[PDB]
>>> print(open('query_5.tsv').read())   # TSV, C-alpha atoms and all ligand atoms
chain	number	residue	atom	x	y	z
A	3	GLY	CA	3.56	96.58	166.89
A	4	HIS	CA	6.50	98.88	166.19
A	5	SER	CA	9.91	98.40	167.83
A	6	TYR	CA	13.12	100.30	167.11
A	7	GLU	CA	15.23	97.18	167.76
A	8	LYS	CA	13.35	94.95	165.32
A	9	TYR	CA	12.66	95.10	161.60
A	10	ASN	CA	9.11	96.36	161.04
A	11	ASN	CA	6.87	95.59	158.07
A	12	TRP	CA	5.51	98.40	155.92
A	13	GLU	CA	2.08	98.40	157.52
A	14	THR	CA	3.81	99.01	160.85
A	15	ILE	CA	6.25	101.62	159.51
A	16	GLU	CA	3.40	103.52	157.87
A	17	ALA	CA	1.43	103.55	161.12
A	18	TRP	CA	4.62	104.66	162.85
A	19	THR	CA	5.06	107.65	160.53
A	20	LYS	CA	1.57	108.78	161.50
A	21	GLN	CA	2.04	108.11	165.21
A	22	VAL	CA	5.48	109.68	165.61
A	23	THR	CA	4.25	112.78	163.76
A	24	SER	CA	1.04	113.01	165.80
A	25	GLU	CA	3.05	112.75	169.02
A	26	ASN	CA	5.69	115.32	168.03
A	27	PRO	CA	3.93	117.96	165.91
A	28	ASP	CA	6.42	120.63	166.99
A	29	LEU	CA	9.33	118.63	165.56
A	30	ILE	CA	7.82	116.53	162.77
A	31	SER	CA	5.45	117.05	159.86
A	32	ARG	CA	4.51	114.26	157.47
A	33	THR	CA	3.78	114.52	153.77
A	34	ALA	CA	3.52	112.09	150.88
A	35	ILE	CA	5.68	112.90	147.86
A	36	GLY	CA	4.04	110.36	145.57
A	37	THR	CA	2.75	106.81	145.21
A	38	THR	CA	4.70	103.65	144.42
A	39	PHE	CA	3.96	101.46	141.41
A	40	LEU	CA	1.67	99.38	143.61
A	41	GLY	CA	-0.01	102.39	145.17
A	42	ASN	CA	1.70	102.68	148.53
A	43	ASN	CA	2.31	106.16	149.95
A	44	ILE	CA	5.87	107.49	149.79
A	45	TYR	CA	6.08	109.29	153.12
A	46	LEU	CA	8.53	112.04	153.89
A	47	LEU	CA	9.06	113.35	157.41
A	48	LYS	CA	10.34	116.89	157.91
A	49	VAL	CA	12.21	116.75	161.20
A	50	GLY	CA	13.18	120.02	162.83
A	51	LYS	CA	11.97	123.06	164.74
A	52	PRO	CA	9.72	124.86	162.28
A	53	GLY	CA	10.79	128.26	161.03
A	54	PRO	CA	11.09	130.40	157.85
A	55	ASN	CA	13.55	129.50	155.06
A	56	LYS	CA	15.59	126.90	156.91
A	57	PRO	CA	18.35	124.98	155.10
A	58	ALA	CA	17.95	121.21	155.02
A	59	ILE	CA	19.65	117.84	154.83
A	60	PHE	CA	17.95	115.11	152.80
A	61	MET	CA	18.31	111.49	153.92
A	62	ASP	CA	16.58	108.44	152.48
A	63	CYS	CA	16.52	104.78	153.46
A	64	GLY	CA	15.24	101.64	151.78
A	65	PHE	CA	16.30	102.21	148.17
A	66	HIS	CA	17.05	98.50	148.07
A	67	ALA	CA	14.40	96.17	149.43
A	68	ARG	CA	16.56	93.57	151.16
A	69	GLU	CA	18.78	96.07	152.98
A	70	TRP	CA	16.60	96.04	156.10
A	71	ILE	CA	19.09	97.76	158.40
A	72	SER	CA	18.75	100.83	156.18
A	73	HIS	CA	15.01	101.13	156.86
A	74	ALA	CA	15.67	100.56	160.55
A	75	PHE	CA	18.16	103.40	160.67
A	76	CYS	CA	15.81	106.08	159.38
A	77	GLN	CA	13.30	105.13	162.07
A	78	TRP	CA	16.03	105.16	164.73
A	79	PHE	CA	17.23	108.59	163.58
A	80	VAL	CA	13.79	110.13	163.96
A	81	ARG	CA	13.37	108.85	167.50
A	82	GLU	CA	16.81	110.11	168.49
A	83	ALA	CA	15.95	113.51	167.05
A	84	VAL	CA	12.70	113.89	168.97
A	85	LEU	CA	13.95	112.33	172.21
A	86	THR	CA	17.11	114.40	172.55
A	87	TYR	CA	15.89	117.75	171.24
A	88	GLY	CA	16.33	120.28	174.03
A	89	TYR	CA	18.66	118.01	176.01
A	90	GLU	CA	21.62	117.25	173.75
A	91	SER	CA	23.25	120.48	172.61
A	92	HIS	CA	24.21	119.40	169.09
A	93	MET	CA	20.88	117.87	168.07
A	94	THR	CA	19.11	120.86	169.60
A	95	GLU	CA	21.12	123.23	167.44
A	96	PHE	CA	20.75	120.95	164.41
A	97	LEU	CA	16.96	120.99	164.59
A	98	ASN	CA	16.82	124.69	165.45
A	99	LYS	CA	18.91	125.68	162.45
A	100	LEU	CA	17.95	123.16	159.78
A	101	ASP	CA	15.43	120.54	158.74
A	102	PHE	CA	16.09	116.90	158.07
A	103	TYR	CA	13.96	115.59	155.22
A	104	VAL	CA	13.82	111.92	156.16
A	105	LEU	CA	12.36	109.50	153.62
A	106	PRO	CA	12.11	106.30	155.68
A	107	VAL	CA	11.37	103.88	152.81
A	108	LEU	CA	11.71	104.75	149.12
A	109	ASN	CA	11.17	101.33	147.59
A	110	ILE	CA	8.13	100.30	149.61
A	111	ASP	CA	6.80	97.77	147.08
A	112	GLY	CA	10.09	95.89	147.09
A	113	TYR	CA	10.27	96.06	150.88
A	114	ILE	CA	6.82	94.51	151.19
A	115	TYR	CA	7.93	91.78	148.80
A	116	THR	CA	10.91	90.92	151.02
A	117	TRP	CA	8.44	90.36	153.84
A	118	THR	CA	5.82	88.41	151.89
A	119	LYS	CA	7.70	86.43	149.25
A	120	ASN	CA	11.42	86.91	148.78
A	121	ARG	CA	13.83	88.16	151.44
A	122	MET	CA	16.54	88.82	148.87
A	123	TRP	CA	14.49	90.99	146.53
A	124	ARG	CA	16.34	94.18	145.54
A	125	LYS	CA	14.51	96.09	142.82
A	126	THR	CA	11.14	97.80	142.59
A	127	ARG	CA	8.07	95.74	141.72
A	128	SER	CA	6.96	97.44	138.51
A	129	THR	CA	6.06	95.47	135.40
A	130	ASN	CA	8.18	95.52	132.25
A	131	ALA	CA	6.84	95.45	128.70
A	132	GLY	CA	7.40	92.26	126.76
A	133	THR	CA	8.56	90.12	129.69
A	134	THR	CA	7.36	88.48	132.88
A	135	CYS	CA	10.40	89.85	134.69
A	136	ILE	CA	9.61	92.38	137.40
A	137	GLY	CA	11.32	95.49	138.67
A	138	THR	CA	13.97	98.14	138.12
A	139	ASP	CA	17.05	98.88	140.25
A	140	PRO	CA	16.18	102.31	141.68
A	141	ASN	CA	19.85	103.13	142.19
A	142	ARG	CA	20.50	102.68	138.48
A	143	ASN	CA	17.44	104.71	137.52
A	144	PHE	CA	18.69	108.27	138.01
A	145	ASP	CA	19.92	110.68	135.34
A	146	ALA	CA	23.60	110.25	136.19
A	147	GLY	CA	25.46	108.89	133.19
A	148	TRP	CA	22.30	106.79	133.01
A	149	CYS	CA	22.86	103.10	132.20
A	150	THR	CA	26.27	103.76	130.65
A	151	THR	CA	28.11	101.47	133.07
A	152	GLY	CA	27.68	99.01	135.94
A	153	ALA	CA	24.06	98.49	134.90
A	154	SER	CA	21.94	96.06	132.88
A	155	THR	CA	19.50	96.91	130.09
A	156	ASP	CA	17.76	93.59	130.79
A	157	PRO	CA	14.60	93.77	132.96
A	158	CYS	CA	15.36	90.29	134.30
A	159	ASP	CA	18.62	91.46	135.90
A	160	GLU	CA	19.20	92.77	139.44
A	161	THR	CA	20.79	95.99	138.17
A	162	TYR	CA	18.24	96.76	135.46
A	163	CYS	CA	18.52	100.47	134.80
A	164	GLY	CA	14.91	100.82	133.69
A	165	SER	CA	13.34	101.87	130.39
A	166	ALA	CA	14.61	105.39	130.99
A	167	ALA	CA	15.99	107.59	133.75
A	168	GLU	CA	13.25	108.15	136.34
A	169	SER	CA	10.98	105.60	134.66
A	170	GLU	CA	10.06	104.43	138.16
A	171	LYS	CA	7.39	106.40	140.02
A	172	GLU	CA	9.48	106.24	143.19
A	173	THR	CA	12.71	107.63	141.75
A	174	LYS	CA	10.70	110.19	139.80
A	175	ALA	CA	9.04	111.24	143.07
A	176	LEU	CA	12.33	111.60	144.94
A	177	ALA	CA	14.00	113.49	142.09
A	178	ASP	CA	11.00	115.81	141.71
A	179	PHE	CA	11.05	116.60	145.41
A	180	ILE	CA	14.76	117.36	145.50
A	181	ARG	CA	14.47	119.49	142.34
A	182	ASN	CA	11.66	121.47	143.94
A	183	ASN	CA	13.76	122.10	147.05
A	184	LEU	CA	17.25	122.57	145.63
A	185	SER	CA	17.64	125.99	147.26
A	186	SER	CA	17.31	124.51	150.74
A	187	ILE	CA	18.96	121.11	150.47
A	188	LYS	CA	22.64	121.31	151.42
A	189	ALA	CA	23.47	117.61	151.73
A	190	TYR	CA	22.13	114.33	150.38
A	191	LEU	CA	22.59	111.11	152.37
A	192	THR	CA	21.37	107.77	151.05
A	193	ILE	CA	21.46	104.76	153.36
A	194	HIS	CA	22.30	101.25	152.10
A	195	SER	CA	23.90	98.03	153.36
A	196	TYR	CA	26.17	96.20	153.60
A	197	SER	CA	29.95	96.83	153.46
A	198	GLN	CA	30.72	99.43	156.13
A	199	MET	CA	31.68	102.25	153.79
A	200	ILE	CA	31.00	105.91	153.16
A	201	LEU	CA	31.12	106.62	149.45
A	202	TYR	CA	30.94	109.93	147.59
A	203	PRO	CA	30.90	110.76	143.85
A	204	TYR	CA	31.61	109.66	141.35
A	205	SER	CA	30.45	106.15	140.58
A	206	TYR	CA	29.20	106.58	137.01
A	207	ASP	CA	32.66	107.70	135.89
A	208	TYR	CA	36.24	107.70	137.22
A	209	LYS	CA	36.30	111.50	137.22
A	210	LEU	CA	36.42	113.17	140.63
A	211	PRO	CA	34.16	115.87	142.13
A	212	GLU	CA	35.76	119.31	142.34
A	213	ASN	CA	35.56	119.19	146.15
A	214	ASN	CA	37.07	115.69	146.26
A	215	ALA	CA	39.65	116.56	148.91
A	216	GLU	CA	36.99	118.05	151.17
A	217	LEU	CA	34.71	115.04	150.73
A	218	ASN	CA	37.57	112.66	151.50
A	219	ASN	CA	38.45	114.61	154.65
A	220	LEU	CA	34.81	114.74	155.69
A	221	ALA	CA	34.25	111.02	155.14
A	222	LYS	CA	37.53	110.26	156.90
A	223	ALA	CA	36.41	112.23	159.96
A	224	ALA	CA	32.92	110.72	159.91
A	225	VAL	CA	34.26	107.15	159.90
A	226	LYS	CA	36.70	107.95	162.71
A	227	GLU	CA	33.77	109.26	164.75
A	228	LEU	CA	31.71	106.17	163.97
A	229	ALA	CA	34.53	103.90	165.15
A	230	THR	CA	34.71	105.62	168.54
A	231	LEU	CA	31.62	103.87	169.84
A	232	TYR	CA	32.09	100.14	169.23
A	233	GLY	CA	35.24	99.96	167.13
A	234	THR	CA	33.43	99.34	163.85
A	235	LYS	CA	35.75	99.89	160.91
A	236	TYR	CA	34.56	101.73	157.80
A	237	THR	CA	36.42	102.47	154.60
A	238	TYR	CA	35.59	105.41	152.33
A	239	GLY	CA	36.27	107.10	149.02
A	240	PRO	CA	34.79	107.72	145.54
A	241	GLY	CA	32.17	105.16	144.58
A	242	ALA	CA	33.76	104.00	141.35
A	243	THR	CA	37.09	102.98	142.88
A	244	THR	CA	35.98	102.19	146.43
A	245	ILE	CA	33.37	99.58	145.56
A	246	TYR	CA	32.65	99.50	141.81
A	247	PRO	CA	31.62	101.68	138.85
A	248	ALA	CA	27.86	102.05	138.43
A	249	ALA	CA	25.81	104.65	136.60
A	250	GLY	CA	22.43	106.10	137.49
A	251	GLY	CA	22.98	106.37	141.23
A	252	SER	CA	21.13	108.98	143.29
A	253	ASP	CA	24.21	110.26	145.10
A	254	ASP	CA	25.92	111.12	141.80
A	255	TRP	CA	22.71	112.69	140.48
A	256	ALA	CA	22.15	114.75	143.62
A	257	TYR	CA	25.74	116.03	143.47
A	258	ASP	CA	25.39	117.05	139.83
A	259	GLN	CA	22.28	118.97	140.86
A	260	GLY	CA	24.64	121.09	142.95
A	261	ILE	CA	24.30	119.36	146.31
A	262	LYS	CA	27.95	119.47	147.29
A	263	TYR	CA	27.77	117.02	150.17
A	264	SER	CA	26.50	113.73	148.80
A	265	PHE	CA	27.21	110.39	150.43
A	266	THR	CA	26.16	106.77	150.18
A	267	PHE	CA	26.38	104.92	153.48
A	268	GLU	CA	26.88	101.17	153.51
A	269	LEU	CA	26.09	99.93	157.00
A	270	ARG	CA	27.04	96.69	158.78
A	271	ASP	CA	28.31	94.23	158.16
A	272	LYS	CA	31.11	92.99	155.91
A	273	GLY	CA	29.36	89.85	154.76
A	274	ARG	CA	29.15	87.46	157.71
A	275	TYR	CA	25.41	88.11	157.72
A	276	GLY	CA	25.20	90.43	154.75
A	277	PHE	CA	21.66	91.68	154.19
A	278	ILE	CA	20.37	89.38	156.91
A	279	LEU	CA	21.83	91.44	159.75
A	280	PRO	CA	20.46	90.11	163.03
A	281	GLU	CA	18.02	92.34	164.89
A	282	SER	CA	20.43	92.03	167.83
A	283	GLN	CA	22.78	94.37	165.95
A	284	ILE	CA	20.19	97.01	165.03
A	285	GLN	CA	20.82	99.14	168.14
A	286	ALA	CA	24.62	99.23	167.96
A	287	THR	CA	24.60	99.68	164.19
A	288	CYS	CA	22.20	102.62	164.38
A	289	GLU	CA	23.98	104.20	167.34
A	290	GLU	CA	27.38	104.33	165.65
A	291	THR	CA	25.80	105.47	162.39
A	292	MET	CA	24.08	108.32	164.23
A	293	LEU	CA	27.52	109.62	165.22
A	294	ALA	CA	28.69	109.74	161.61
A	295	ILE	CA	25.45	111.36	160.44
A	296	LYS	CA	25.60	113.96	163.21
A	297	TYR	CA	29.25	114.69	162.45
A	298	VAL	CA	28.41	115.33	158.80
A	299	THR	CA	25.44	117.47	159.83
A	300	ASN	CA	27.63	119.54	162.16
A	301	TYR	CA	30.16	120.06	159.37
A	302	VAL	CA	27.52	121.05	156.82
A	303	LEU	CA	26.02	123.53	159.27
A	304	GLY	CA	29.40	125.18	159.75
A	305	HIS	CA	29.68	125.51	155.98
A	306	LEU	CA	26.44	127.20	154.96
A	401	LIG	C1	26.06	94.97	149.41
A	401	LIG	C2	26.08	96.36	148.76
A	401	LIG	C3	27.48	96.65	148.22
A	401	LIG	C4	24.96	96.45	147.68
A	401	LIG	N1	25.29	95.71	146.45
A	401	LIG	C5	24.53	94.70	146.02
A	401	LIG	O1	23.53	94.27	146.61
A	401	LIG	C6	25.01	94.01	144.73
A	401	LIG	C7	24.07	94.39	143.58
A	401	LIG	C8	24.54	93.79	142.24
A	401	LIG	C9	23.84	92.70	141.67
A	401	LIG	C10	24.26	92.15	140.43
A	401	LIG	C11	25.39	92.70	139.76
A	401	LIG	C12	26.09	93.79	140.33
A	401	LIG	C13	25.67	94.34	141.57
A	401	LIG	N2	24.99	92.54	144.95
A	401	LIG	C14	25.91	91.92	145.71
A	401	LIG	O2	25.86	90.71	145.96
A	401	LIG	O3	26.89	92.72	146.26
A	401	LIG	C15	27.91	92.07	147.05
A	401	LIG	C16	28.98	92.84	147.48
A	401	LIG	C17	29.31	92.92	148.86
A	401	LIG	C18	30.36	93.76	149.29
A	401	LIG	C19	31.09	94.53	148.35
A	401	LIG	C20	30.77	94.45	146.97
A	401	LIG	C21	29.72	93.61	146.54
A	401	LIG	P1	24.37	98.15	147.30
A	401	LIG	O4	24.02	98.82	148.57
A	401	LIG	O5	23.30	97.96	146.28
A	401	LIG	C22	25.74	99.05	146.53
A	401	LIG	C23	25.17	100.33	145.88
A	401	LIG	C24	24.52	100.00	144.50
A	401	LIG	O6	25.02	99.06	143.83
A	401	LIG	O7	23.51	100.66	144.19
A	401	LIG	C25	26.24	101.47	145.76
A	401	LIG	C26	27.48	101.40	146.46
A	401	LIG	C27	28.38	102.49	146.45
A	401	LIG	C28	28.06	103.68	145.73
A	401	LIG	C29	26.84	103.77	145.04
A	401	LIG	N3	26.52	104.89	144.37
A	401	LIG	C30	26.42	104.93	143.03
A	401	LIG	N4	26.09	106.07	142.42
A	401	LIG	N5	26.69	103.84	142.30
A	401	LIG	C31	25.93	102.66	145.05
A	402	ZN	ZN	21.86	99.13	148.21
>>> encode(input="query_5.tsv", output="structure tokens", more="lines below")
Ligand SMILES: CC(C)[C@H](NC(=O)[C@H](Cc1ccccc1)NC(=O)OCc1ccccc1)P(=O)(O)C[C@H](C(=O)O)c1cccc(NC(=N)N)c1
Ligand SMILES: [Zn+2]
Amino acid sequence: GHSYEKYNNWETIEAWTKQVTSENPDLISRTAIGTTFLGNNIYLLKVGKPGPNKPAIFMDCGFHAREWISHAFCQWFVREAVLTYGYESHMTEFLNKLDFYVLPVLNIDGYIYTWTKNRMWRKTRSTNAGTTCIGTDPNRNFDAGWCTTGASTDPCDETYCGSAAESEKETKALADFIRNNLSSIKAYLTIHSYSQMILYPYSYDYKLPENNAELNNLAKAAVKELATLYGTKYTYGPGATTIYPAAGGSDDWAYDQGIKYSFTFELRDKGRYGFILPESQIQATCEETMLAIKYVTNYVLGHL
């Protein structure tokens, strides 16, 4: 029951990860990097033409449960990759030279909850000692100035930073995977909505990354490219000053691991629909986003 221009439930996305892999074994392999709190499988698709010691770009979607256009984008990206390989020169070179590690849904338990109970759920669905309140904000759960700012220590809050960095099985799983593959991973891209922004470090502090000028120029070029298609306007800059300070984010953590190209994407829109982006905008949203992602990929490849 899968469609690329509709939002798909987890059962459908899971079946899709199996199907798309089965149908494109020369471009995709599927693994599970762990289980969620509620025992769902955290799938990771390695997209690329297999070969020895290839560099890689890591991209995840679905950190936050209600940001459905994020999940949709990872699925869209994988189809574009497999459909255009061999026909579009850039994507062909991309997949020949590197792998994309695509994690289509990180926070699966929360995503399921937005389908079954509460469309505006954000956090994970793990239990918390001493309270009935459920869930941790996965993007406050990383070891990046953990919980020192822009985060709550209260499990009942939407930005609960957890009992400790990587207290969540899902964030632990992602961090473990990236740690185990640091040599290969050259960029980290994490997909969110909404706001139409590209953000780079830092968010947990007002300090700037050493390659700040490069990141600004890269984000500037990526947003220009994105705008070429439908005129969609993005802003960009360091997380802390571009949107708000917040510790424990994965982009900041990834960067401090040594991944020099680390970006948070905030997709459409600017609040007219917010998280409830109509399915009628999935195609255009994903198409323009593809251009920005491919631009960044092309740049990273030329800087290996
Ligand atoms: C709509 C976007 C902006 C999302 N924000 C929300 O859902 C926030 C979450 C929240 C809840 C209670 C108290 C504070 C914050 N809620 C909300 O209504 O946001 C509205 C809004 C809309 C536009 C601009 C600013 C805010 P996000 O995708 O969760 C933003 C994300 C994050 O908060 O994890 C983010 C943005 C930019 C950089 C980073 N990276 C980082 N390391 N912090 C992380
Ligand atoms: Zn988000």
>>> closest_atom_pairs(input="query_5.tsv", of="chain A", to="ligand ZN 402 (chain A)", cutoff="10 Å", atoms="all atoms listed in the file", output="tab-separated table")
residue	atom	partner	partner_atom	distance
A:63	CA	A:ZN402	ZN	9.4
A:64	CA	A:ZN402	ZN	7.9
A:65	CA	A:ZN402	ZN	6.4
A:66	CA	A:ZN402	ZN	4.9
A:67	CA	A:ZN402	ZN	8.1
A:68	CA	A:ZN402	ZN	8.2
A:69	CA	A:ZN402	ZN	6.5
A:70	CA	A:ZN402	ZN	10.0
A:72	CA	A:ZN402	ZN	8.7
A:124	CA	A:ZN402	ZN	7.9
A:125	CA	A:ZN402	ZN	9.6
A:139	CA	A:ZN402	ZN	9.3
A:140	CA	A:ZN402	ZN	9.2
A:141	CA	A:ZN402	ZN	7.5
A:192	CA	A:ZN402	ZN	9.1
A:193	CA	A:ZN402	ZN	7.6
A:194	CA	A:ZN402	ZN	4.5
A:195	CA	A:ZN402	ZN	5.6
A:196	CA	A:ZN402	ZN	7.5
A:197	CA	A:ZN402	ZN	9.9
A:266	CA	A:ZN402	ZN	9.0
A:267	CA	A:ZN402	ZN	9.0
A:268	CA	A:ZN402	ZN	7.6
A:269	CA	A:ZN402	ZN	9.8
A:277	CA	A:ZN402	ZN	9.6
>>> residues_around(input="query_5.tsv", residues="region 202-212 of chain A", least_positions_apart="6", cutoff="7 Å", atoms="all atoms listed in the file", output="PDB file with C-alpha atoms, in the coordinates of the input")
ATOM      1  CA  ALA A 146      23.600 110.250 136.190  1.00  0.00           C
ATOM      2  CA  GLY A 147      25.460 108.890 133.190  1.00  0.00           C
ATOM      3  CA  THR A 151      28.110 101.470 133.070  1.00  0.00           C
ATOM      4  CA  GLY A 239      36.270 107.100 149.020  1.00  0.00           C
ATOM      5  CA  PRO A 240      34.790 107.720 145.540  1.00  0.00           C
ATOM      6  CA  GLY A 241      32.170 105.160 144.580  1.00  0.00           C
ATOM      7  CA  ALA A 242      33.760 104.000 141.350  1.00  0.00           C
ATOM      8  CA  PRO A 247      31.620 101.680 138.850  1.00  0.00           C
ATOM      9  CA  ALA A 248      27.860 102.050 138.430  1.00  0.00           C
ATOM     10  CA  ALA A 249      25.810 104.650 136.600  1.00  0.00           C
ATOM     11  CA  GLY A 250      22.430 106.100 137.490  1.00  0.00           C
ATOM     12  CA  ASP A 253      24.210 110.260 145.100  1.00  0.00           C
ATOM     13  CA  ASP A 254      25.920 111.120 141.800  1.00  0.00           C
ATOM     14  CA  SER A 264      26.500 113.730 148.800  1.00  0.00           C
ATOM     15  CA  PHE A 265      27.210 110.390 150.430  1.00  0.00           C
ATOM     16  CA  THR A 266      26.160 106.770 150.180  1.00  0.00           C
TER      17      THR A 266
END
>>> residues_around(input="query_5.tsv", residues="region 158-167 of chain A", least_positions_apart="5", cutoff="12 Å", atoms="only C-alpha atoms", output="VMD selection string")
chain A and resid 66 to 67 122 to 153 172 to 174 177 248 to 252 255
>>> closest_residue(input="query_5.tsv", among="A:7, A:13, A:168, A:25", to="residue 113 (chain A)", atoms="only C-alpha atoms")
A:13
>>> atom_distance(input="query_5.tsv", atom1="CA of residue 17 (chain A)", atom2="CA of residue 98 (chain A)")
26.5 Å
>>> closest_atom_pairs(input="query_5.tsv", of="region 93-131 of chain A", to="region 46-50 of chain A", cutoff="9 Å", atoms="all atoms listed in the file", output="tab-separated table")
residue	atom	partner	partner_atom	distance
A:96	CA	A:50	CA	7.8
A:97	CA	A:50	CA	4.3
A:98	CA	A:50	CA	6.5
A:99	CA	A:50	CA	8.1
A:100	CA	A:50	CA	6.5
A:101	CA	A:50	CA	4.7
A:102	CA	A:49	CA	5.0
A:103	CA	A:48	CA	4.7
A:104	CA	A:47	CA	5.1
A:105	CA	A:46	CA	4.6
A:106	CA	A:46	CA	7.0
A:107	CA	A:46	CA	8.7
>>> write_last_selection(input="query_5.tsv", atoms="C-alpha atoms", output="PDB file, in the coordinates of the input")
ATOM      1  CA  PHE A  96      20.750 120.950 164.410  1.00  0.00           C
ATOM      2  CA  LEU A  97      16.960 120.990 164.590  1.00  0.00           C
ATOM      3  CA  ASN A  98      16.820 124.690 165.450  1.00  0.00           C
ATOM      4  CA  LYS A  99      18.910 125.680 162.450  1.00  0.00           C
ATOM      5  CA  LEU A 100      17.950 123.160 159.780  1.00  0.00           C
ATOM      6  CA  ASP A 101      15.430 120.540 158.740  1.00  0.00           C
ATOM      7  CA  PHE A 102      16.090 116.900 158.070  1.00  0.00           C
ATOM      8  CA  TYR A 103      13.960 115.590 155.220  1.00  0.00           C
ATOM      9  CA  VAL A 104      13.820 111.920 156.160  1.00  0.00           C
ATOM     10  CA  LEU A 105      12.360 109.500 153.620  1.00  0.00           C
ATOM     11  CA  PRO A 106      12.110 106.300 155.680  1.00  0.00           C
ATOM     12  CA  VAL A 107      11.370 103.880 152.810  1.00  0.00           C
TER      13      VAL A 107
END
>>> atom_distance(input="query_5.tsv", atom1="CA of residue 22 (chain A)", atom2="CA of residue 81 (chain A)")
8.2 Å
>>> residues_around(input="query_5.tsv", residues="region 296-300 of chain A", least_positions_apart="2", cutoff="10 Å", atoms="all atoms listed in the file", output="list in words")
residues 58, 59, 79, 92, 93, 95, 96, 100, 102, 188, 189, 191, 220, 221, 223, 224, 225, 227, 228, 263, 265, 291, 292, 293, 294, 302, 303, 304 and 305 of chain A
>>> closest_residue(input="query_5.tsv", among="A:84, A:201, A:108, A:295", to="ligand LIG 401 (chain A)", atoms="all atoms listed in the file")
A:201
